[PDB]
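Protein chains in written order, with the entry's author numbering: chain DD, 1 to 223; chain FF, 4 to 23, 41 to 149, 163 to 248; chain GG, 1 to 237; chain CC, 8 to 99, 121 to 193, 206 to 310, 326 to 394; chain AA, 3 to 301; chain II, 8 to 73, 102 to 114, 126 to 162, 186 to 291. All C-beta atoms, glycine included, are put in the ideal place defined by N, C-alpha and C.
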Amino acid sequence: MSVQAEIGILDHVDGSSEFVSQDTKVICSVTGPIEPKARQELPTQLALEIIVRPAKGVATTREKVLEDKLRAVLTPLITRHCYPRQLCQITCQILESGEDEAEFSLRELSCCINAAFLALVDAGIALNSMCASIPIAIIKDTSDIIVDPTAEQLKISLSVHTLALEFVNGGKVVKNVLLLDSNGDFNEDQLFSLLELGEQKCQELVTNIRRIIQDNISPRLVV
Amino acid sequence: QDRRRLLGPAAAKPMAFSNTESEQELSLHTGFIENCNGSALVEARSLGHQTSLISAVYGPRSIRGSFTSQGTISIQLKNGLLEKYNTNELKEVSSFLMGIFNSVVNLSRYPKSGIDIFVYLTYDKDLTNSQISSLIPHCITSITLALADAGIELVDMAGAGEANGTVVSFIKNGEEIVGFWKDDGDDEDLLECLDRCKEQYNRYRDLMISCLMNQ
Amino acid sequence: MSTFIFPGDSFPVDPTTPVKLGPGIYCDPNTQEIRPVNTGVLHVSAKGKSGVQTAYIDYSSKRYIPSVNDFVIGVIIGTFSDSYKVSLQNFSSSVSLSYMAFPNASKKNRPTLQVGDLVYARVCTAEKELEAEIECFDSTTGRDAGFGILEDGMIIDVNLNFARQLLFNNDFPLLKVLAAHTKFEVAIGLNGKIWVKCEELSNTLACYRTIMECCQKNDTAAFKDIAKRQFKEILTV
Amino acid sequence: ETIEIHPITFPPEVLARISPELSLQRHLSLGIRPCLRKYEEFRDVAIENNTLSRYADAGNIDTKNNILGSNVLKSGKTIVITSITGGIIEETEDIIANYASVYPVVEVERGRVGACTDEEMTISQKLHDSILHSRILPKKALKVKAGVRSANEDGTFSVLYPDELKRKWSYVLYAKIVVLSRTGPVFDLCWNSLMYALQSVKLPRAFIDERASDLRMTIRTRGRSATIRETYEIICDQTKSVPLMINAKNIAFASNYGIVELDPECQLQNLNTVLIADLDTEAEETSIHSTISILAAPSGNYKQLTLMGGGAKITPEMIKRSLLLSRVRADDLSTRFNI
Amino acid sequence: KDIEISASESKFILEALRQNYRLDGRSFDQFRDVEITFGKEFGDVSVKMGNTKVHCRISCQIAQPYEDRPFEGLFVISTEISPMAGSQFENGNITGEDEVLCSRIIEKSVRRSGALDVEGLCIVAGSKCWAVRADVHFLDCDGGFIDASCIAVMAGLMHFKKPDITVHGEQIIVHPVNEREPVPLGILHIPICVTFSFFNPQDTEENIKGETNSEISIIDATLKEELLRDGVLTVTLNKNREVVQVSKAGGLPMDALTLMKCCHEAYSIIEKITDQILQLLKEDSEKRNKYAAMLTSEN
Amino acid sequence: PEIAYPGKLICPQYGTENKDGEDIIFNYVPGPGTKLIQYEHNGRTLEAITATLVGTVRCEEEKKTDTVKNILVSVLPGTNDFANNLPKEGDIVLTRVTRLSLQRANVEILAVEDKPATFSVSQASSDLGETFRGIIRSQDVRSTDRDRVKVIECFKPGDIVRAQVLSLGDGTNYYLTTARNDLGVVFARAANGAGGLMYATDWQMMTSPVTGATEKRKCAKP
RNA sequence: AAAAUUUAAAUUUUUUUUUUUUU
């Protein structure tokens with residue numbers, strides 16, 4: 001599990017986190033709740049605006065959808081009624097690819113969720129549950145399934161997959177699925193098998209994470 | 004280039020090719053867009069030339085600007101698929117559009133209220149082996178039907194008729210003119226340019242009122 | 001080894017208890033259930049408190065959430081008539097303060113403060129969803145003119161949990177060693193604002209640099225020498 | 008105190024404008040949809056292909072038109088028209125690097141003037157993505173085999189075409217989606233309307249000159265020099281054309297799904328967790344939060360699947376139910392218009 | 003989006019300069035300490051000066067050159083601000099003024115100055131060249147961005163290498179990365195910019211007709227320092243003692259004799275920091291080659 | 008004169024019957040859907056009542072009590127329209143609460159009723198920010214205790230209010246009131262959508278059944 | 001020798017991507 005993270009590493013920003021998995025370095029930033037614009041408010045719930053900068057090039061359409069699916073996942077994570085007529089701008093930076101951006105977007109989508117989850121903990125906003133995302137691929141030639149592949153394995157991968165889950169009761173109960181990003185060729189039969197490791201693995205991920213949060217923040221906490 | 008769209012790799016290019041009194045006709049339809057409150061559909065086909073276009077209504081929309089006594093019209097001409105008329109070529113027509121309806125619409129019935137008009141020059145055949166001037170009068174007809182569909186207070190079924198690069202718009206069964214447009218043509222052909230426009234106007238308005246009163 | 005928690009954990013306490021809610025916990029308006037919705041450590045209020053206990057999560061933040069009966073430090077930013085425009089934190093929402101909420105309450109008498117001043121005030125009335133309001137003079141002052149406009153001084157920003165320890169805690173070692181060098185003033189703002197005025201700007205910079213460093217290091221036991229060194233750094237001269 | 012609190016009720020058209028959500032909950036009480044449908048009642052789909060391409064008339068292809076294979080789509084209350092053009096760049121098993129796509133541009137005429145809306149900017153990306161993930165298109169299908177126009181006797185031209193095999209060339213295709221009367225989510229109809237346009241695309245016969253006049257030119261440096269390569273401008277034929285080669289066994293179709301959970305309060309007599332597909336009707340699109348969207352090619356194949364779970368849980372069985380409902384709705388449309 | 007500071011706090015710093023103090027702990031004419039660290043990629047670096055953090059990235063790819071200079075390759079620098087680095091900023095405003103004040107500098111600092119040989123991007127004339135890219139990211143602001151982005155770009159150019167090329171007309175042979183080595187780039191001169199920060203303790207007239215020069219100038223305004231300054235000035239130089247650019251675009255009025263006296267002190271500052279880059283480029287590549295020695299003996 | 012296209016010329020300004028030997032004059036009075044248009048034909052002028060819309064002719068009269104005859108001309112649709131029923135002064139309009147100020151309250155216009186219930190909802194999409202919005206000022210909530218006004222104790226965002234038009238105001242918004250015992254809050258969900266449905270306890274108060282929770286809203290008389 | 005005489009300053013949001021200028 002060659003993952004590792006940092007909390008509270010920016011200065012003027014409410015929530016900040018560096019998430020580092022095996023090859024990709026991504027930092028996310030959270031500022032909120034702050035003053036919303038005119039065209040942006042909601043009378044009841046909390047308004048969210050999300051920016052992802054790539055490592056390379058500028059913000060285009062390829063960025064836009066990875067943003068927007070990430071809009072969908074955070075919306076139930078946030079206790080959105082708690083902050084009416086408000087705004088939390090959240091911003092993600094891709095620093096390292098770790099995957100061919102021309103051909104793939106898979107790991108980053110797993111990465112940025114795992115990034116933005118922790119900067120909210122830095123931010124300390126009313127949230128709902130716990131979460132995790134992993135990238136999963138199925139090899140074209142071997143026809144086997146690897147959790148957390150590499151980009152060369154992505155080249156021989158047949159189908160690329162991202163699973164986002166909602167974890168409660170010690171992060172143990174799968175409360176709901178958040179995202180299942182099925183891409184590539186697949187059938188019925190692989191899919192329930194495709195969950196069935198990530199059923200375990202994301203909890204196994206969070207099992208690491210629960211420790212990490214308290215280790216970083218209980219010395220920031222006072223006794 | 005444009006960082007907001009997918010325009011392909013730059014060094015590509017589109018594909019290239021080289022050489023190796042008549043009747044106009046309509047098919048007019050309303051009530052088919054659920055975003056709008058006024059829709060109108062127009063087919064046209066005449067002798068080498070087949071044309072289809074869509075007129076869209078949004079109103080009365082609120083005005084964030086300030087107070088007005090009455091209503092305000094906004095008109096958009098947009099290229100469809102094949103034919104590409106020039107940008108500045110478009111808005112000149114949009115200017116010519118608004119003048120006529122400002123002798124049509126009871127804006128005084130609609131204080132502080134907006135009028136949105138979207139015209140989609142969707143598809144045109146010109147198979148013939163002032164190219165925008167041949168499509169002027171059909172716009173006014175296409176707008177009028179959609180504006181009847183939103184049910185807005187209109188004085189007259191006003192229409193324009195065409196005679197060979199010349200566009201003249203009428204009311205009162207042709208007994209007054211509300212909109213004048215002229216390109217090159219002859220000199221002092223105006224009196225015949227009264228006539229052939231008028232009778233198409235005499236044709237068209239009857240085709241329009243059939244499209245609604247029979248529905 | 002604490003009552004550490006996550007949003008989405010099992011809430012510890014039985015449901016049949018009369019319990020005053022502290023912050024950090026949220027009750028469902030839809031399904032009436034109650035859950036911890038923030039990060040950190042619970043601290044259960046111990047028994048005997050009229051048979052009514054209270055839960056609250058220690059959570060960490062810098063972005064201050066306006067809440068009532070809370071002493072904050074503010075900035076005059078506009079003269080919306082009858083009722084001031086005042087801010088508490090940059091990029092946040094402005095707050096409204098009456099022109100009359102003042103210890104000589106007099107409606108024919110319009111007070112004197114101008115755009116850009118620092119004032120000491122307590123949050124009087126603030127819904128979660130409404131334009132919040134503060135007061136310098138309060139009824140809960142009990143006719144006390146203890147808040148007020150400030151003079152020049154110097155104000156430093158910290159995180160909120162630190163500022164609680166500045167207010168709520170005598171074990172907080174900071175005010176000891178500072179009094180052990182010079183004599184001065186201190187205003188405490190729950191908006192992460194700390195306003196200090198000394199007799200000297202020289203010691204104020206000495207007051208400045210410690211509080212930047214100490215709150216950064218956040219290690220209250222170490223603050224003995226760290227504070228005193230900056231004096232020598234001023235007494236470098 | 009037990010009180011007969013009389014509520015205030017309205018016409019239903021009043022209610023949906025007010026509550027998208029409770030008016031939905033009225034329909035769920037009877038178990039219907041506010042688009043007047045029952046749970047699994049699905050919209051009709053109607054097309055015409057190839058009407059707006061110049062290759063409509065096989066007998067007389069006209070002169071100034073530039074459209075390859077066209078598609079009309081109406082389903083429900085939203086008409087969407089798909090148009091295909093193509094371009095050419097001078098070109099110099122089942123793995124992704126064999127696989128290309130097109131360049132689409134969507135517009136939704138949703139009344140708002142202004143720049144490119146953010147809903148649109150997702151769309152042309154999202155299609156292109158799973159088109160790559162469909163693996164439909166080997167670039168062998170883009171390989172262009174040009175002829176040379178032999179300047180023959182007494183001033184006549186015949187293009188020598190080679191057959192069955206120095207530079208190479210490649211088609212690069214384009215799309216445009218116009219969206220009229222948006223009433224709900226659009227992506228499935230964005231998908232499916234393209235698919236019928238894809239099958240109607242002819243590849244026009246491209247050729248180069250016999251020996252183009254546009255030849256090599258030199259550029260002087262500050263003492264040195266180089267040579268511009270000869271500019272062989274490819275020309276497509278006014279007449280001849282070939283069709284398009286497709287991995288036809290991967291042509292998917294689209295379907296969305298929604299799962300909701302129910303209030304006891306909202307009933308009117310004439326847990327409980329209901330699957331709805333064929334989603335429309337703003338009140339639905341507001342209030343459904345756990346959703347499923349699927350691509351599938353009719354032999355049990357799947358180009359993609361899309362889960363956003365934000366409302367209910369998801370059973371393993373609503374999955375299989377939607378899968379059962381996937382292979383129906385797609386396969387009918389494969390067989391509906393037989394193109 | 004507006005930063006609010008009390009006028010009481012405004013006088014405070016203005017007093018501290020009047021008793022020769024500044025809040026950071028530096029001297030007036032003292033610069034922060036710079037932490038340079040590279041990522042594993044070539045043209046990958048993280049640069050950090052206390053609070054201000056930046057990151058940039060160099061890349062290159064194949065394109066044709068312009069008609070304009072058909073000899074030479076293509077190169078441009080992106081400096082798109084994200085509001086990540088501070089809540090002042092719009093989402094990617096390329097039309098804000100301070101952005102342009104960040105832009106045109108680095109435009110002149112690199113592109114019009116030409117530290118980099120664009121003619122050494124010519125693979126084949128008019129047919130295929132390089133398109134070299136410089137995306138600047140800001141992380142967190144304490145000012146000095148335009149000095150930081152001055153450095154971090156020029157840091158990145160001295161760490162990027164481009165891969166191997168072979169030409170046969172159209173048969174242009176980009177080789178595999180790991181058989182045939184990537185090749186670094188040609189830097190004509192190394193520019194370093196310097197922010198200067200200006201403070202009238204007086205009114206306008208004592209600057210205008212008060213003949214007594216009384217104006218304090220410091221290096222590397224911190225965030226609170228930067229919000230009250232009266233003029234804005236940046237100079238840029240090299241190791242060969244030539245002046246790259248100067249930009250005082252208005253603000254406070256300012257004596258000429260100060261500016262030369264200012265710019266001389268720039269020289270001794272920038273030279274030491276420059277060589278610190280030069281060793282670390284070597285020393286990391288030494289660490290690359292010592293780990294290359296720790297690789298081939300390992301493998 | 009039965010069914011009308013816009014532009015259908017209908018009748019002159021005046022008409023004549025003879026009801027039993029004494030002469031009675033008609034006065035055709037222009038209403039909605041009408042316009043008097045002068046017409047010269049072969050020399051002589053002529054004013055006429057003109058159909059300006061789509062649907063049916065309807066001629067009516069009523070004299071104000073509190102041989103000529105006035106006849107109101109009235110033009111309708113006949114076998126979905128709201129520009130027909132744009133809000134005028136004094137009307138009863140159902141609105142949804144947008145934002146709560148200490149100054150005032152802001153809503154958007156959604157539905158207009160009618161006289162001798187009969188309605189006209191707007192068919193617009195508020196998610197464009199399209200619709201007409203209005204403003205209730207806080208002292209205009211009611212007249213009883215109109216000074217010391219506590220705005221939060223009557224309204225929350227997103228809620229439904231039977232309110233009366235004061236006047237036009239600006240072009241941007243409206244002058245609006247609720248200042249009656251029959252007017253005010255119609256319906257909302259608990260905790261602004263975060264909970265169930267709430268019922269007006271009195272005319273003056275509101276609770277919720279399943280919860281056991283009440284809130285202060287300036288409810289309408291039911 | 002008393003008596004008394006004068007003021008009053010203004011509040012809550014509408015817009016279209018970056019080339020490219022003579023060794």
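Item to complete: Could you confirm whether any beta carbon from chain FF is found closer than 8 Å to the beta carbon of residue 58(DD)?
Response: In the first sequence, the residue the question calls residue 58(DD) occupies position 58. Taking 8 Å as the threshold, the shortest C-beta distance from residue 58(DD) to chain FF falls below it.
Worksheet entry | chain FF residues whose Cβ lies nearer than 8 Å to that of residue 69(CC) | Within the fourth sequence, numbered from 1, the residue matching residue 69(CC) stands at position 62. The contacting residues are 145, 147.
Worksheet item: Does any C-beta atom of chain AA lie closer than 8 Å to the C-beta of residue 105(DD)?
Response: Reading the first sequence from its first residue, position 105 is the one you call residue 105(DD). No, its Cβ sits nowhere closer than 8 Å to a Cβ of chain AA.
Worksheet entry | Residue from 237(GG), 177(GG), 195(GG) whose Cα sits closest to the Cα of residue 247(GG) | Outside the shown range of chain GG (1 to 237) lies residue 247(GG), about which nothing can therefore be said.
Fill in: Members of the stretch 72-96 of chain DD that neighbour chain II once the beta carbon cut-off is set at 8 Å
81, 84, 85
Worksheet item: Quick check: the stretch 118-126 of chain FF against the stretch 276-290 of chain II, are there 3 or more CB pairs under 8 Å?
Response: no
Worksheet item: List, in order along the chain, the chain II residues whose C-beta lies closer than 8 Å to that of residue 189(FF)?
Response: If you number the second sequence from 1, residue 189(FF) lands on position 156. In chain order: 13, 14.
Discussion item. Going by C-alpha to C-alpha distance, which of 146(DD), 133(DD), 72(DD) sits closest to residue 163(DD)?
Written reply: Counting from one through the first sequence, the residue named residue 163(DD) turns up at place 163. When each option's Cα is compared against that of residue 163(DD), the closest is 133(DD).
Worksheet item: With contact counted as at least three CB pairs below 8 Å, one residue from each stretch, are the stretch 258-269 of chain II and the stretch 222-231 of chain II in contact?
Response: yes
Practice prompt. Select from 129(FF), 95(FF), 77(FF) the residue whose C-alpha is nearest the C-alpha of residue 157(FF).
Written response: The model contains no atoms for residue 157(FF), which sits in the stretch where chain FF goes from 149 to 163 directly.
Discussion item. Residues in the same chain with beta-carbon distance under 6 Å from residue 58(AA), minus the five sequence neighbours each way, listed in chain order, please.
Written reply: Numbered from its first residue, the fifth sequence carries residue 58(AA) at position 56. The residues are 138, 154, 155, 158.
Worksheet item: The beta strand (DSSP E) spanning residue 146(II) covers which residue range?
Response: The residue labelled residue 146(II) in the question sits at position 100 within the sixth sequence. Segment 138-146, the beta strand (DSSP E) holding residue 146(II).
Practice prompt. Give the DSSP-derived three-state secondary structure of residue 45(DD) in the structure shown.
Written response: Here residue 45(DD) refers to the residue found at position 45 when the first sequence is read from its first residue. Three-state DSSP puts residue 45(DD) in coil, outside helix and strand.
Worksheet item: Considering only C-alpha positions, which residue in the set 210(II), 63(II), 48(II) is nearest to residue 149(II)?
Response: The sequence position of residue 149(II) within the sixth sequence is 103, counting from 1. Out of 210(II), 63(II), 48(II), 210(II) has the C-alpha closest to the C-alpha of residue 149(II).
Discussion item. Taking the beta carbon of residue 53(CC) as the centre, do at least 16 other beta carbons fall within 10 Å, making it buried, or is it exposed?
Written reply: Here residue 53(CC) refers to the residue found at position 46 of the fourth sequence. Exposed, by the Cβ-count rule.
Worksheet item: Quick one: is residue 246(FF) near chain II, going by C-beta distance under 8 Å?
Response: The count along the second sequence starts at 1 and reaches residue 246(FF) at position 213. Yes, residue 246(FF) counts as interfacial toward chain II.
Item to complete: Scan the stretch 253-275 of chain CC for residues whose Cβ lies nearer than 7 Å to a Cβ of chain DD and list them as they occur along the chain.
Response: none
Discussion item. Quick check: what's the CA-CA separation for residue 186(CC) versus residue 250(CC)?
Written reply: Indexing the fourth sequence from 1 puts residue 186(CC) at position 158. Indexing the fourth sequence from 1 puts residue 250(CC) at position 210. Between residue 186(CC) and residue 250(CC), the C-alpha separation is close to 10 Å.
Worksheet item: Between residue 90(CC) and residue 165(CC), is the Cβ-Cβ spacing less than 8 Å?
Response: Here residue 90(CC) corresponds to residue number 83 of the fourth sequence, with the count starting at 1. Here residue 165(CC) corresponds to residue number 137 of the fourth sequence, with the count starting at 1. A distance of 8 Å or more separates the beta carbons of residue 90(CC) and residue 165(CC).
Worksheet item: Between the C-alpha atoms of residue 184(DD) and residue 160(DD), what's the straight-line distance to the nearest angstrom?
Response: The count along the first sequence starts at 1 and reaches residue 184(DD) at position 184. The count along the first sequence starts at 1 and reaches residue 160(DD) at position 160. When rounded, the distance between both Cα atoms is 6 Å.
Worksheet item: Using the C-alpha atoms, what's the distance from residue 250(AA) back to residue 234(AA)?
Response: Taking the fifth sequence and counting its residues from 1, one reaches residue 234(AA) at position 232. Taking the fifth sequence and counting its residues from 1, one reaches residue 250(AA) at position 248. In a straight line, the C-alpha of residue 234(AA) is about 6 Å away from that of residue 250(AA).
Item to complete: Using a cut-off of 7 Å between C-beta atoms, extract the partners of residue 13(FF) located in chain II.
Response: Counting from 1 along the second sequence, the entry for residue 13(FF) is found at position 10. None at all; the shortest Cβ gap to chain II is about 35 Å.
Worksheet item: Taking contact to mean at least 3 C-beta pairs separated by less than 8 Å, is the stretch 164-173 of chain DD in contact with the stretch 3-19 of chain GG?
Response: yes
Worksheet item: For a contact meaning CB atoms closer than 7 Å, what does residue 112(II) contact in chain FF?
Response: By one-based count along the sixth sequence, residue 112(II) stands at place 77. Chain FF residues near residue 112(II): 184.
Practice prompt. Can you have a look at residue 135(DD) and say buried or exposed, based on whether 16 or more other CB atoms are within 10 angstroms of its CB?
Written response: If you number the first sequence from 1, residue 135(DD) lands on position 135. Buried, by the Cβ-count rule.
Item to complete: Closer than 8 Å, Cβ to Cβ, to anything on chain II: give me those residues from the stretch 82-98 of chain FF, in chain order.
Response: 82, 83, 84, 85, 86, 87, 88
Worksheet entry | Per-residue burial, residue 142(AA) [other beta carbons within 10 Å of its own, 16 or more giving buried] | Here residue 142(AA) refers to the residue found at position 140 when the fifth sequence is read from its first residue. With 16 or more other Cβ atoms within 10 Å, it is buried.
Worksheet entry | residue 272(II) (DSSP reduced to helix, strand or coil) | What you label residue 272(II) is simply residue 203 of the sixth sequence in a count that begins at 1. Coil, per DSSP.
Discussion item. Three or more C-beta pairs under 8 Å: does that hold for the stretch 81-99 of chain DD against the stretch 29-49 of chain DD?
Written reply: In short, these stretches touch, since the Cβ pair count reaches three.
Worksheet item: By Cβ distance below 6 Å, which residues in the same chain neighbour residue 39(AA) in space, the five residues on each side in sequence not counted?
Response: Residue 39(AA) sits at position 37 when you count from the first residue of the fifth sequence. Closer than 6 Å at the Cβ level, and outside the excluded window around residue 39(AA), lie 48.
Worksheet entry | Cβ-based burial, residue 84(GG) [other Cβ within 10 Å; buried from 16] | By 1-based counting over the third sequence, the position of residue 84(GG) is 84. Answer is buried; the Cβ neighbour count reaches 16.
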